[PDB]
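Down below is the structure, laid out as structure tokens.
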Amino acid sequence: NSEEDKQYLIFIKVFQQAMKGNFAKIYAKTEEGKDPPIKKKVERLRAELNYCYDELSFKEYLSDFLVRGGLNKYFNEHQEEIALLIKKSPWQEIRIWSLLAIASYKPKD
Amino acid sequence: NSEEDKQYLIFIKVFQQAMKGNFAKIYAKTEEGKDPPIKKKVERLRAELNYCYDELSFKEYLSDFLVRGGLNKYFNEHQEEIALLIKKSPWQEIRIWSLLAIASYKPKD
Amino acid sequence: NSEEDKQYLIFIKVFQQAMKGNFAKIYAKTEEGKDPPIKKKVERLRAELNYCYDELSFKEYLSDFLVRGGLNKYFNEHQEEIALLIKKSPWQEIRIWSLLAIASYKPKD
Amino acid sequence: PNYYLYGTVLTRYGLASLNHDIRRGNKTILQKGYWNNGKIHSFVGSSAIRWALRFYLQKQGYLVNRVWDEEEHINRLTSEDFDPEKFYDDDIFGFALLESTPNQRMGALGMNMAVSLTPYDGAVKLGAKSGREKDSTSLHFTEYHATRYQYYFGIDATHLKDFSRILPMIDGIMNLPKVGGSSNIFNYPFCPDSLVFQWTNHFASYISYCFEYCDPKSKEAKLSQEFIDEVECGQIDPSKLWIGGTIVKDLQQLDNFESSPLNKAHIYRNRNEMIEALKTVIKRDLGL
Amino acid sequence: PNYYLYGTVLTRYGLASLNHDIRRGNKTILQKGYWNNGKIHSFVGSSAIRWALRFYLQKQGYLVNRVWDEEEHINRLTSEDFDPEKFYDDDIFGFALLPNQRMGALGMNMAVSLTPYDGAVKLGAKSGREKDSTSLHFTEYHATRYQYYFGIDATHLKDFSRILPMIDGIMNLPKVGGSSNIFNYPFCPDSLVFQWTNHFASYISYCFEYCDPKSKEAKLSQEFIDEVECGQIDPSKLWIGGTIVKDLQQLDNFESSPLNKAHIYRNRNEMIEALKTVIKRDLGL
Amino acid sequence: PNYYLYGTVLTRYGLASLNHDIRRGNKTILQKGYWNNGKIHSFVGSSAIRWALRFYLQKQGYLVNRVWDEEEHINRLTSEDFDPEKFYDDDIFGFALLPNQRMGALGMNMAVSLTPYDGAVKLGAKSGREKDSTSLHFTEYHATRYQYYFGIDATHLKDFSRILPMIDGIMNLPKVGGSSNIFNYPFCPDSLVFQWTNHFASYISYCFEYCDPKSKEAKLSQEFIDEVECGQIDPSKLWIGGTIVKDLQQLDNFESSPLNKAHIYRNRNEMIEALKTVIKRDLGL
Amino acid sequence: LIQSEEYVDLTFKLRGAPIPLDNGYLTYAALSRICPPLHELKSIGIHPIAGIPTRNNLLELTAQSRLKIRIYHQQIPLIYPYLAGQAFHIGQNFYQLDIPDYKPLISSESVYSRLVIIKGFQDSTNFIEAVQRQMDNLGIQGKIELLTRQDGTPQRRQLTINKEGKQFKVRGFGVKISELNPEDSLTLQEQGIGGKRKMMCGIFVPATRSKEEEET
């Protein structure tokens with residue numbers, strides 16, 4: 001319930017879909033007998049997320065990550081809501097939401 | 001409400017329309033039974049957006065992008081304020097908005 | 001058990017699994033010596049949790065720690081409930097629950 | 001009397017990756033935080049400058065309790081009991097022997113963190129271990145920053161066990177060795193290029209950070225309008241003000257400079273002449 | 001006495017694509033960033049210059065630990081345990097293993113383009129047909145002269161005589177960067193400003209500047225000339241040479257200027273010989 | 001010892017349209033950018049010149065891995081595995097498939113027009129199937145001489161005798177660009193400034209310049225003459241031949257100038273023969 | 001539908017500080033100072049700069065704002081080295097020009113001129129008969145229409161020549177011309193009408209600009 005909570009939950013879904021897309025891209029990148037990353041790419045994503053000073057940089061990285069994720073439906077249905085949520089709100093809060101999505105993305109894969 | 005977000009939203013919409021026109025132009029470019037890439041087009045757009053190095057770069061780039069977008073109705077009703085928003089505001093913020101528009105573009109087609 | 005009690009227990013289990021992951025990471029990084037310290041890790045975690053002074057800093061640290069934990073199967077099974085509980089509840093109560101989870105932790109034999 | 005030597009020194013323009021933060025991932029980040037106008041500036045810790053001053057004191061002879069090995073990268077103490085009367089470093093920087101003459105000393109030098117004059121926007125440098133083989137320690141990133149640095153310090157000269165030890169400290173501030181950082185790939189000389197020193201006998205300074213930028217992405221540096229207003233209004237006695245460096249040219253190019261009270265300060269374009277005059281005044285005042 | 005050799009090196013004019021940013025997509029992005037007066041300048045990393053110096057030391061037969069294969073394009077270590085006493089590269093550039101560490105006697109800063117980077121992207125198509133990933137491509141190049149600043153702590157060297165090969169390598173620097181097949185950019189100095197002094201203070205870092213934002217002409221910055229004239233930078237310790245010598249001598253009142261008392265040689269070899277004689281005299285070689 | 005052949009070659013004056021940029025719209029625009037004095041100059045990619053040299057190697061009968069069909073316009077490989085020992089192509093230009101790779105002895109830079117681009121454009125009517133329609137499109141042409149800089153690492157060659165065919169190909173360069181070269185522009189040298197030395201440093205990168213912005217004759221840059229006079233460039237290692245020799249010999253004080261003792265020949269072939277004799281003597285061929 | 005030969009449109013991307021809406025002598029003098037040969041040319045015209053209107057009588061330069069020059073395609077090598085890549089100053093601001101692009105001269109049934117100046121003709125009827133006479137000299141047939149404001153009055157414009165200390169007053173009309181056929185349309189586009197062709201007035205352009213000028 002509550003509009004803010006629904007927006008937060010479906011933004012978590014958006015971020016989880018984006019990480020699914022990025023992880024699929026990494027899976028496609030690797031070849032041969034080398035073991036494709038699963039956990040260390042998550043650690044890389046964590047390191048890149050914490051590497052974020054001020055706002056401009058974090059929003060740039062978040063937008064780049066979302067685009068690199070590729071196709072996603074939760075952002076498809078909700079354009080205005082997530083656009084306003086990302087444009088507004090402190091960047092630290094959005095980083096907290098992104099980390100919370102990271103910690104709970106894995107049930108998908 | 002607080003019409004800055006109105007300008008942000010119709011900027012997103014005009015960006016989505018312009019990119020759709022560009023994907024249509026690329027569809028016109030390709031020929032014969034090769035499948036016209038769609039995800040690769042988005043990847044190419046993201047890479048070109050990240051190629052810029054402030055001010056002149058990405059400003060003439062995004063102006064040319066909107067121009068090649070074709071007949072954009074919302075742009076026609078929103079020439080002046082979109083141009084003013086382009087001239088003002090930091091360029092990295094414009095890049096963030098463009099990347100968000102890319103991430104939220106799909107459900108048109 | 002009420003739904004609030006269920007979510008509280010799931011959060012305790014989530015935090016315990018995150019501590020399991022962090023301590024396993026420390027064990028792997030500090031295999032040298034007679035044995036990597038365990039009490040020192042708990043003291044470090046307690047000091048870092050008590051360092052937090054406001055909601056934003058504490059929730060940032062909590063999300064960072066939870067992601068550093070790893071898979072966190074209890075968070076896999078409960079995206080929305082645990083995410084809403086973390087976002088909504090006052091940070092002092094979440095710190096109390098986290099410290100209770102720390103106290104009620106069993107290192108793997 | 002209680003004489004204090006306050007001063008703000010501005011470094012030279014150059015790529016600087018002097019002070020870093022927690023290792024994080026593959027990217028070494030600078031020590032940065034909000035400084036002015038809500039913009040993020042890069043910082044150099046004052047402990048780095050204190051270490052550089054200690055190294056200068058060690059290199060130019062002198063007696064220092066802490067001796068940097070410079071070969072094993074280890075610190076050795078000549079005497080386990082700190083003696084500020086004999087050793088320069090104990091007298092100047094103080095000590096604190098907590099493990100369990102006084103065991104603690106407040107030191108005569110007080111420094112503040114060096115603040116980049118220019119906001120830190122981007123400036124991440126790609127680094128590769130090269131070769132054809134790749135591994136975990138292959139692709140790394142290092143943050144740098146093309147800016148001038150500016151720090152503020154204050155000396156309680158009367159607190160020194162030996163009053164003459166202030167002169168080597170000024171010499172070290174002038175000919176400062178490398179400040180801790182990646183000098184292999186980012187060699188940043190920390191020698192001053194503009195000085196605003198004040199040799200007064202009261203605690204108020206008002207000269208903490210007198211340098212401010214223009215055109216925030218440029219190497220040009222000017223004296224802050226607040227400092228000039230402080231000088232002109234009557235505060236900050238010009239006879240106690242020592243200004244030296246490349247800021248002298250900009251100060252002299254100002255309109256109505258001759259009529260301004262700033263003209264009565266000790267202004268030397270050559271830093272060596274300004275330091276010599278200031279040391280002459282210090283020796284006269286301290287009875288050296 | 002602690003002796004330090006500081007120097008700013010200006011390269012020749014040409015089309016340069018030496019250091020690139022992260023490579024993905026169509027464009028090979030030149031390593032660029034902000035510089036003086038707030039304009040984008042192309043950069044060359046100091047690690048590449050250090051690699052070039054080490055490669056020069058290898059090619060001249062000096063004993064080094066790391067050896068460039070030139071066939072496998074990998075780095076081989078002659079000895080797993082670094083020994084600065086025996087190996088030139090370990091003594092000069094230091095090492096880190098993770099004594100297993102050494103700070104090295106050479107400290108070098110990143111190379112900065114004299115001229116701001118405006119445009120000049122190159123077309124990289126590969127013959128005809130089969131338009132694969134090796135098809136239409138873009139490469140960024142810059143037509144400018146790069147400038148870098150270095151500093152040597154001579155006393156820190158295990159063998160004091162090793163400074164001379166370092167100067168020779170700085171003179172005859174091998175290939176720097178990667179795009180040598182299509183952008184052959186010699187990195188040998190054409191203008192030099194050296195300072196052989198016994199002070200930690202250096203005021204010669206990045207002393208060159210352009211006269212026209214789009215021209216190949218180079219000129220010593222007015223700040224450096226003011227520094228020399230005021231009294232700072234002892235002219236007896238200043239060594240200036242190269243094509244900047246002509247411009248310096250065409251200046252008015254040059255004879256009365258204190259800059260005239262500096263060691264100014266139009267021929268870079270003569271400057272290097274005189275400076276090496278002074279260094280050998282001072283270091284007891 | 002390590003031996004290097006550096007050289008700047010100046011082409012003959014004539015109408016030029018080579019290595020065009022993106023053919024956007026109807027116009028075929030030249031590849032142009034900024035050069036000295038901040039003026040627009042037309043460029044020719046060095047990849048085209050390398051392809052022309054490789055084509056010369058193929059045509060002369062030397063064994064090359066890559067063979068141009070000249071009819072199907074498809075590049076075919078004699079052997080999938082690259083063997084620089086046997087193939088001139090792999091020995092000289094290197095290879096990379098992504099010893100799986102080789103750097104290659106030859107290193108070049110883009111050819112730069114001597115005079116600034118005057119902006120001249122030509123009107124042409126291309127064929128059309130719409131009822132024999134003719135559409136007017138714009139093609140840029142530049143009437144100028146191009147100069148490019150190349151560097152040869154003779155030691156890096158697997159076979160030391162392969163340097164001579166490279167010099168012959170540089171002298172007798174085939175058509176550059178191929179179909180894109182609308183006006184047949186001979187890229188064979190008209191004036192040469194070569195340097196056969198054993199040092200990495202070269203100061204002959206772009207030694208040519210124009211007396212007037214609209215002229216069909218060339219002059220050596222005053223910087224190069226100063227470099228020769230001061231003593232930086234050893235005259236015994238300097239080779240000058242072509243039309244520029246005629247202008248040089250008319251200069252006053254030429255006999256007293258250090259430029260005289262350099263190897264200077266009016267005829268390009270005589271200078272090439274003498275340089276090849278010197279190279280064979282030094283390389284032990 | 002016919003692309004004119006021997007005549008092109010040299011377009012330089014223009015950037016800088018906002019400029020007066022009536023540049024005219026300003027831009028012409030700046031270019032003449034940069035390019036001495038531009039003064040002695042005859043059959044050359046400078047296009048009115050295209051940018052949105054700002055406050056006062058100023059004009060703000062956008063990314064689509066560009067300096068466009070109509071010139072004989074064989075006379076480009078007389079002004080290209082002076083303009084391509086160089087910079088000119090209007091007042092105290094520096095404006096930069098990049099490598100120009102060539103645009104062909106397209107034919108159109110209806111052509112527009114934002115300003116036409118004829119010496120000694122200030123009223124509408126005398127101006128109309130003067131433009132008819134000028135058509136007669138060049139052998140061009142068409143119907144003359146005058147651009148109107150929101151009130152329907154024929155539109156007048158003023159050119160301010162700041163020659164020496166005194167400032168000068170030269171004024172004219174803005175006409176819309178149709179029924180030309182492609183050949184005469186191209187002839188009028190190259191030749192222009194009236195005087196002051198280099199003075200950012202008297203040249204022609206399609207009627208889309210006519211409607212756009214009519215809007216505001």
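Order determines the names: the first chain of the structure tokens is A, the second B, and so forth; residues in each chain are numbered 1 upward, and ligands are numbered 1 upward as they are shown.
For chain A placed onto chain C with an all-Cα least-squares superposition, the residual RMSD comes to 1.2 Å.
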*Please provide as a PyMOL selection string all residues within 12 Å of residue 59 in chain C, with the sequence filter that same-chain residues fewer than 2 positions apart are discarded (counting only C-alpha atoms).*
(chain A and resi 92-100) or (chain C and resi 49+52-57+61-66+83+85-95+98)
*Got a sec to pull out which chain E residues are within 12 Å of chain G, counting only C-alpha atoms, and send them as a list in words?*
residues 118, 119, 120, 212, 213 and 214 of chain E
Please produce an output containing C-alpha atoms for each residue in the selection, written as a compact mmCIF listing (two decimals), in the first residue's frame.
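Heads up, here's the output in result19.txt:
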# COMPACT_ATOMS: atom_id res chain seq x y z
CA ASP E 118 39.11 19.80 -30.36
CA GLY E 119 38.17 17.15 -32.94
CA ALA E 120 40.10 14.91 -35.33
CA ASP E 212 47.95 30.20 -30.38
CA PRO E 213 45.39 27.59 -29.20
CA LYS E 214 45.69 25.83 -32.58
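Near residue 24 in chain B, within 10 Å and counting only C-alpha atoms, sit residues 18, 19, 29, 69 and 70 of chain B; same-chain residues fewer than 5 positions away were not included.
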*Just the strand (DSSP E or B) stuff from range 1-179 of chain D, please, per backbone DSSP, written as a ChimeraX atom specification.*
/D:4-10,14-15,20,27-28,30-36,39-44,66-68,75-77,95-96,104-105,109-111,114-116,124-128,139-143,146-147,149-156
Contact table chain F vs chain D, cut-off 12 Å, shortest pair per residue, only C-alpha atoms, as CSV:
residue,atom,partner,partner_atom,distance
F:98,CA,D:132,CA,11.1
F:99,CA,D:132,CA,11.3
F:100,CA,D:132,CA,10.7
F:101,CA,D:132,CA,10.4
Take the residues that were just selected and, keeping N, CA, C and O atoms, output them as a compact mmCIF listing (two decimals), in the first residue's frame.
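See again.txt below for the written result:
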# COMPACT_ATOMS: atom_id res chain seq x y z
N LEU F 98 43.49 -12.00 -32.88
CA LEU F 98 42.57 -11.84 -31.75
C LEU F 98 41.54 -12.97 -31.69
O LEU F 98 40.48 -12.82 -31.08
N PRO F 99 53.37 -17.38 -31.50
CA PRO F 99 53.27 -15.94 -31.75
C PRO F 99 52.04 -15.57 -32.57
O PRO F 99 52.08 -15.60 -33.80
N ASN F 100 50.95 -15.21 -31.89
CA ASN F 100 49.72 -14.85 -32.56
C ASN F 100 49.71 -13.42 -33.06
O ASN F 100 48.77 -13.03 -33.78
N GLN F 101 50.71 -12.61 -32.71
CA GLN F 101 50.75 -11.22 -33.12
C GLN F 101 52.20 -10.79 -33.28
O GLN F 101 53.11 -11.34 -32.65
